[PDB]
A.B. asks: 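I have a structure here, written as structure tokens, and I will follow up with some questions on it.
Numbering of ligands and ligand atoms starts at 1, following listing order. Keep in mind that the numbers below use all heavy atoms, side chains included, and drop hydrogens, waters and symmetry copies. Chain naming here is simple, since letters A, B, ... match the order of the sequence lines and numbering starts at 1 in each.
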Amino acid sequence: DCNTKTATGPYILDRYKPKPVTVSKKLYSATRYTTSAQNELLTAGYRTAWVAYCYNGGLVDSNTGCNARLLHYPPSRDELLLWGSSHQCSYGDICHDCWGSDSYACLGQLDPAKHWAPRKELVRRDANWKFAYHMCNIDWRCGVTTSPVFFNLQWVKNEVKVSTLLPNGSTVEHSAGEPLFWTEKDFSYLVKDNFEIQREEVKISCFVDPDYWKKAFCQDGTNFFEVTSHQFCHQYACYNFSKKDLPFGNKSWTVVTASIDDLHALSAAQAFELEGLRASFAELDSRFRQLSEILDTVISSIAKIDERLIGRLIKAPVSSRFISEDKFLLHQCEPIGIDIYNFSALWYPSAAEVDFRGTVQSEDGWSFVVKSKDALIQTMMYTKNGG
Amino acid sequence: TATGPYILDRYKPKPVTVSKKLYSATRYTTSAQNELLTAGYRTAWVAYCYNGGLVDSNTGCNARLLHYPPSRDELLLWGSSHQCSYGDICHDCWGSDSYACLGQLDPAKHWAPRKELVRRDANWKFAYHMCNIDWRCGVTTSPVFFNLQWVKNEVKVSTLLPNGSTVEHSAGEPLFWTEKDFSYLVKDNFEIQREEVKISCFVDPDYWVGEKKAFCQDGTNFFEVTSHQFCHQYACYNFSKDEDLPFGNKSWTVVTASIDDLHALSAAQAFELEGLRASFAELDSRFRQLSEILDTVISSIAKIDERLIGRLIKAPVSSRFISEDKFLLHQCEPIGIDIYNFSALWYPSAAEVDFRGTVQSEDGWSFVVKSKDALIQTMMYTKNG
Amino acid sequence: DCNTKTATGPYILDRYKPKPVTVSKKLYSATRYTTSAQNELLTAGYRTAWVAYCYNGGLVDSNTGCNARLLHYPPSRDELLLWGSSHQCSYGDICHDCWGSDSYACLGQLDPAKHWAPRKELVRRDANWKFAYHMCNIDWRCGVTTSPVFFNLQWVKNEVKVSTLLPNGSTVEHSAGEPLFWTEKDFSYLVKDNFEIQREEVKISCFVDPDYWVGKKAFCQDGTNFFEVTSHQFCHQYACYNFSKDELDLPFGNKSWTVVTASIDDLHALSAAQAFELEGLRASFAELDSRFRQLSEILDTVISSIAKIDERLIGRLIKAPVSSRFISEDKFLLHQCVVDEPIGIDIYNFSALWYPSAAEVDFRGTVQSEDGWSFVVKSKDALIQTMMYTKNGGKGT
Ligand SMILES: *[C@@H]1O[C@H](CO)[C@@H](O[C@@H]2O[C@H](CO)[C@@H](O[C@@H]3O[C@H](CO)[C@@H](O)[C@H](O)[C@@H]3O)[C@H](O)[C@H]2NC(C)=O)[C@H](O)[C@H]1NC(C)=O
Ligand SMILES: *[C@@H]1O[C@H](CO)[C@@H](O[C@@H]2O[C@H](CO)[C@@H](O[C@@H]3O[C@H](CO)[C@@H](O)[C@H](O)[C@@H]3O)[C@H](O)[C@H]2NC(C)=O)[C@H](O)[C@H]1NC(C)=O
Ligand SMILES: *[C@@H]1O[C@H](CO)[C@@H](O[C@@H]2O[C@H](CO)[C@@H](O)[C@H](O)[C@H]2NC(C)=O)[C@H](O)[C@H]1NC(C)=O
Ligand SMILES: *[C@@H]1O[C@H](CO)[C@@H](O[C@@H]2O[C@H](CO)[C@@H](O)[C@H](O)[C@H]2NC(C)=O)[C@H](O)[C@H]1NC(C)=O
Ligand SMILES: *[C@@H]1O[C@H](CO)[C@@H](O[C@@H]2O[C@H](CO)[C@@H](O)[C@H](O)[C@H]2NC(C)=O)[C@H](O)[C@H]1NC(C)=O
Ligand SMILES: *[C@@H]1O[C@H](CO)[C@@H](O[C@@H]2O[C@H](CO)[C@@H](O)[C@H](O)[C@H]2NC(C)=O)[C@H](O)[C@H]1NC(C)=O
Ligand SMILES: *[C@@H]1O[C@H](CO)[C@@H](O)[C@H](O)[C@H]1NC(C)=O
Ligand SMILES: *[C@@H]1O[C@H](CO)[C@@H](O)[C@H](O)[C@H]1NC(C)=O
Ligand SMILES: *[C@@H]1O[C@H](CO)[C@@H](O)[C@H](O)[C@H]1NC(C)=O
């Protein structure tokens, strides 16, 4: 009996309304402090004498024996500057089995800067073969390195300092104009800045997200960082803007070694994010599929009234004639803009290209100190005597 | 003369079958991030000599290091007090004093925060024995990170050793062992918590790889689920019944990552970001194309419906076209139907993962290496002057 | 409604015109060279003798004393081969306090291959307790490892070589059939390739970005390996590539990056870059959802205008046999109850999206972390422990 029609409604077409996400792109003004170079110059030099003063009066004599030890003569600051420029180190006179009056060498002052060499290793000797006499052996080791080492910049009470990174995780703040010099046992160290700190007014792009877990993430060239306060530093750069740990002490992270396990952990976060993006790209593709179905239906409706529409859409010189709901034949027979879309420019991702520096202990300058220690152990392992 | 029939093609993307899930699971976590490692060492240098002149075959020295690693009860006391104990020192003790180098030594007669020995083997008293004894000792109490691990069907604490081995135990049972000069105590000042949770994962049913993969997030932890019973660092998971030889079997927590490995990971990131850039450019091109289609479409209907352009710009205007594109403007509870059927987009977000470092980098374990290096330096030569 | 008389225009509907971004996807043809396996075989062996030849003539005699020293006898290549297969090392005769005529063993050439053991550590002894006689002490250490070590491939003068990675950051390039053998102090080393380099013609997906500057870049994927192509002749880890060309650090002193340890600081910096990009993708996704929101508003208003004329349109959009009747601007009622296929016309001309995917990059660790090379350091450390003091107790005729 469906000669009669029924009526329901009224209805309305739903608009699409996504939950808003607040993160947005800011362009922050900042004063940026950077350096004209990315390395400090570490000059490290060492010098040690082995001094063995022995008396041989036979085993009955309680004075028979040896006073044999290492004595450190670390270079002074002036010496180290000359060692660095000449790539050579200096050492004292060698005494080989000196007895009698010649044995005084082991008792008097030692002049540690009488002979030069690029490197010098000592021989450990404590011979005592001359009965009723003292016997003296002296020999020297020395060496020097001049090596570039990376560094950080750092705010220290409202001024930008160079932060020299030490292999034990401590740091020493200083101005780019004041070299560091210190002595420790056999070694002296000179850290020099052959660069200056330049300041610039810059604009930094950041994404501020008030809905963490309030949090700003920024990019400056190949450097990426989370800005946590208005005075901020990252590696070689400090900024002023406008408007896990305790297993390692408070050691700088530049001396803590990453594990493969840490890389796996970072990799799995990447994997999760990329797969989510994959799922979201699938939904975006689905929306364009849906919009093409809606549009094709809408166009089919208007095109039956306006026989030029299809031709204008494909830029073909044809008018159309429909033979069904969807099938059609084709025959060949300056103003003011109004934006109805109001689209905002997309931010595009790009390859990050982060520079990596490695641990401070990996640097040649600092591993030179470890190599010096290892070589002393080898040469000291046993006496080179007739003893 | 006409051609056709034609039909408007619809856009048909190849389907991509990765989907978001909400999995139910039991999650085992712990109060604290760290175990407590107490490590203490103690060694005596003992040099027992006889000087009968070189004609006597008994002239010479029995000089050596002897280890007295602290017992469990001692290590507990060294831990709480931050001091170590050591025995009597003998400096050139001859005659009746030289017998201190014989028999049993009492290694716990004095206390110090730390103590290093001096190596001496003097023998200068003709016709007498001569005895030198000195001691080294030290203690550290250091937090060290751990993993949880399924053993049989229970969740154990996995203590990580610097050589890449691991020891599984309950959180309640401390580890204690002794090795040469050192004794080691691992205590857990925490308990394992049980909680029912829902974990968001993306399951990709066709993942290739030359051939079914699930990637999950739990807060700041991300992992690939590879079984129903699963652990990732400080947490173990039990999921419902739905859904390198160069290093030996070493725990990856002791293997150092190289800069080369970081470059490999960075290059992966760079490729994916550039592909995302290419895809964003295609997405922008599609919105460009849609705005051209819609403008042509609207311009056709707006000639029929002189109010339409007004509704599109929220204005009370009427329109009159003077050409195909150019126009003038004259001034002047329902049931929802959803024709779009859009699904919520998943949004990414900064994934701030915590890094732990190699076991060997931790202060607790490098204390062992530093004690070894310090003994080499003090033993380098005899102090007989 | 309306007062025609005056205003305004003419106006035109703006089209959306995005700034063009010029990174494009390529399939590059290349010759790829890979290997059957991902490890070389490092055989490393050491052997040393402690030899102490002493004379006791009392302290008045200037020849009283010792010639006590370590003497290295690194295995020959043939020895090393036998050590690796047997998993044993050889060493010479040992002498404990051999005095008088037996001290003869400390003189002349020592034969270092008389005994066998899986491993052997020496005792350091230089006793001299036999007055008016010589005394001889000899002992030996030896050890061997056979371990897999990872390697790179590398182009050397237009051929693919295997690149053996040494723990000091240098590398040795050689053909896969040329084993490496060298001797250094107490150690000899044999590096053997039990694999072949295989050639293959491939197509490689790359994204090429001609607008890539800092102050012309190509990023490729091949399986789980990702690399930036910097030249037509190019290697990445275990693979070398030759791309058709008509189609396209001071603190470490030039060491291979495979020996430079990554810091936690380095990881944080990469992590920070990931975070910035992901929050950018978040913001960009928000703009995408905004655009769909906006399109749904435009389409709804457009459909509302056409549907008043075409009462079947809405029924077709929801796939239902209904005609509509508008009762206001937005509100409407619904009333109910060969031969050739059509030629498709594509007005959209969308290109297929590239979809991201989890990258499962393999990590290799530092060379020094490998068991084969850490064996050398352990050998050195063990020698230091054994040599730390002489074990001269305690005998006498
Ligand atoms: C970066 O850090 C510096 C401080 O180290 C800030 O620079 C300061 O900028 C203010 C402007 O907001 C300057 O104050 C102005 O001084 C002039 C007279 O010199 C006065 O006429 C203005 O009314 C105002 O008081 C101030 O001199 C300047 N400080 C220094 C030491 O030069 C800056 O705000 C920080 N952040 C940025 C630039 O984003
Ligand atoms: C981490 O390492 C740094 C650098 O080695 C340590 O600081 C350094 O400490 C030494 C003492 O061991 C200082 O050398 C000495 O300085 C005094 C004072 O002038 C002098 O009398 C001595 O002759 C000797 O030269 C050295 O100056 C100092 N260096 C710096 C840059 O501060 C630091 O103590 C270590 N931290 C830990 C927790 O081990
Ligand atoms: C890795 O290190 C552990 C801990 O030092 C070693 O296990 C110890 O071995 C000593 C000596 O055999 C025992 O006295 C201890 O009881 C062991 N402790 C534990 C917790 O097991 C283990 O053998 C080492 N493995 C390797 C391959 O070096
Ligand atoms: C890399 O591939 C190219 C192209 O296949 C090789 O080019 C050959 O050598 C020269 C170009 O330098 C020309 O004769 C031809 O382009 C190629 N010759 C032949 C016979 O095809 C190039 O040799 C390859 N590189 C290596 C190292 O094999
Ligand atoms: C890095 O180590 C290699 C191997 O230990 C060094 O080269 C070997 O050592 C000496 C020096 O020339 C030669 O007798 C060997 O034959 C070398 N072998 C090989 C395979 O090269 C090399 O000199 C070291 N490099 C640095 C910069 O220290
Ligand atoms: C459909 O889109 C494609 C772009 O994806 C257009 O094809 C070529 O695009 C490249 C851009 O890399 C240009 O260099 C070419 O000039 C374009 N044309 C041709 C013929 O290759 C194509 O023009 C589009 N088709 C329509 C009808 O708009
Ligand atoms: C256009 O977008 C901006 C920001 O997205 C918004 O502030 C503004 O109100 C919008 N204008 C219209 C007419 O929708
Ligand atoms: C883990 O889940 C499985 C499957 O649901 C089941 O054996 C039980 O619920 C859990 N078992 C344990 C030991 O937690
Ligand atoms: C709407 O929801 C999903 C698409 O995400 C689909 O399963 C369902 O059939 C859709 N219904 C429609 C399009 O009417």
A.B. asks: Protein heavy atoms near atom 4 (C) of ligand 4, is at least one of them under 4.0 angstrom away?
C.D. replies: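 When distances to the protein are checked, atom 4 (C) of ligand 4 has no heavy atom within 4.0 Å.
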A.B. asks: Is the distance between the ring centroids of C/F195 and C/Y238 under 6.0 Å?
C.D. replies: no
A.B. asks: Checking a contact table here: which protein heavy atom is nearest atom 22 (C) of ligand 4, and how many Å away?
C.D. replies: C/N242 ND2, 3.8 Å
A.B. asks: Right, does atom 1 (C) of ligand 4 have protein non-hydrogen atoms nearer than 4.0 Å?
C.D. replies: yes
A.B. asks: Heavy atoms, side chains only, cut-off 4.5 Å: are C/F150 and C/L165 in contact?
C.D. replies: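 Answer yes - side chains close enough.
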A.B. asks: Would C/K308 pass as a cation-pi partner of C/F326, given that its NZ or CZ must be under 6.0 Å from the six-membered ring centre and within 45 degrees of the axis?
C.D. replies: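 Because its charged atom sits under 6.0 Å from the ring centre and within 45° of the axis, C/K308 does stack over C/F326.
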A.B. asks: Can you tell me the protein heavy atom closest to atom 12 (O) of ligand 4 and the distance?
C.D. replies: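 I find the closest protein heavy atom is C/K245 NZ, 4.7 Å.
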A.B. asks: Quick one: does atom 9 (O) of ligand 7 have a protein heavy atom under 4.0 Å from it?
C.D. replies: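 Given the 4.0 Å cut-off, atom 9 (O) of ligand 7 does not count as touching protein heavy atoms.
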A.B. asks: For residues B/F287 and C/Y16, establish whether the separation of their ring centroids is below 6.0 Å.
C.D. replies: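 Ring centres of C/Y16 and B/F287 not closer than 6.0 Å.
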A.B. asks: Would B/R286 and A/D285 count as a salt bridge (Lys or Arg N to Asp or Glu O under 4.0 Å) here? Give the steps.
C.D. replies: CA-CA 11 Å; B/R286 292 181 184 190; A/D285 251 342; 2.8 Å; yes
A.B. asks: Show the atoms of ligand 4 that are less than 4.0 angstrom away from any heavy atom in C/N158.
C.D. replies: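 Under 4.0 Å from C/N158, ligand 4 has these atoms: 27 (C).
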A.B. asks: Under 4.0 Å from atom 8 (C) of ligand 4, can you find at least one protein heavy atom?
C.D. replies: no
A.B. asks: Any non-hydrogen protein atom below 4.0 Å of atom 5 (O) of ligand 9?
C.D. replies: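 So atom 5 (O) of ligand 9 has protein heavy-atom neighbours under 4.0 Å.
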A.B. asks: Charged N to carboxylate O below 4.0 Å: is that the case for C/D330 and B/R311?
C.D. replies: yes
A.B. asks: Report yes or no: does C/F243 have a heavy atom closer than 4.0 Å to ligand 4?
C.D. replies: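 Checking ligand 4 against C/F243, which is what was asked, there is no heavy-atom contact under 4.0 Å.
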A.B. asks: Applying a heavy-atom cut-off of 4.0 Å, say which part of C/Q233 lies close to ligand 4: side chain, backbone, both or neither.
C.D. replies: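 For C/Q233, only side-chain atoms sit under 4.0 Å from ligand 4.
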A.B. asks: Quick one: which ligand 4 atoms are inside 4.0 Å of a heavy atom on C/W155?
C.D. replies: 27 (C)
A.B. asks: Hey, is atom 19 (C) of ligand 4 under 4.0 Å from any protein heavy atom?
C.D. replies: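 No, there is no protein heavy atom closer to it than 4.0 Å.
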A.B. asks: May I ask whether atom 25 (N) of ligand 4 is less than 4.0 Å from at least one protein heavy atom?
C.D. replies: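 So far as the 4.0 Å threshold goes, atom 25 (N) of ligand 4 is in reach of a protein heavy atom.
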A.B. asks: With rounding to the nearest 0.5 Å, note down the distance linking CG in C/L278 to CZ in A/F207.
C.D. replies: 11.0 Å
A.B. asks: Are C/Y241 and C/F227 close enough that some pair of their side-chain heavy atoms sits under 4.5 Å apart?
C.D. replies: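 When only atoms from C-beta onward are counted, C/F227 and C/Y241 do touch, with a gap below 4.5 Å.
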A.B. asks: Over 60° means perpendicular and under 30° means parallel, so tell me whether B/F280 and A/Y348 are parallel, tilted or perpendicular.
C.D. replies: perpendicular
A.B. asks: Look at atom 3 (C) of ligand 7 and say which protein heavy atom is nearest, naming residue and atom and giving the distance to 0.1 Å.
C.D. replies: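 The closest heavy atom on the protein side is A/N342 ND2, 3.7 Å.
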A.B. asks: Enumerate the atoms of ligand 9 whose separation from the nearest heavy atom of B/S343 is less than 4.0 angstrom.
C.D. replies: 5 (O)
A.B. asks: Check whether any side-chain heavy atom of C/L180 lies under 4.5 Å from a side-chain heavy atom of C/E40, and answer yes or no.
C.D. replies: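 C/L180 does not reach C/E40 side chain to side chain.
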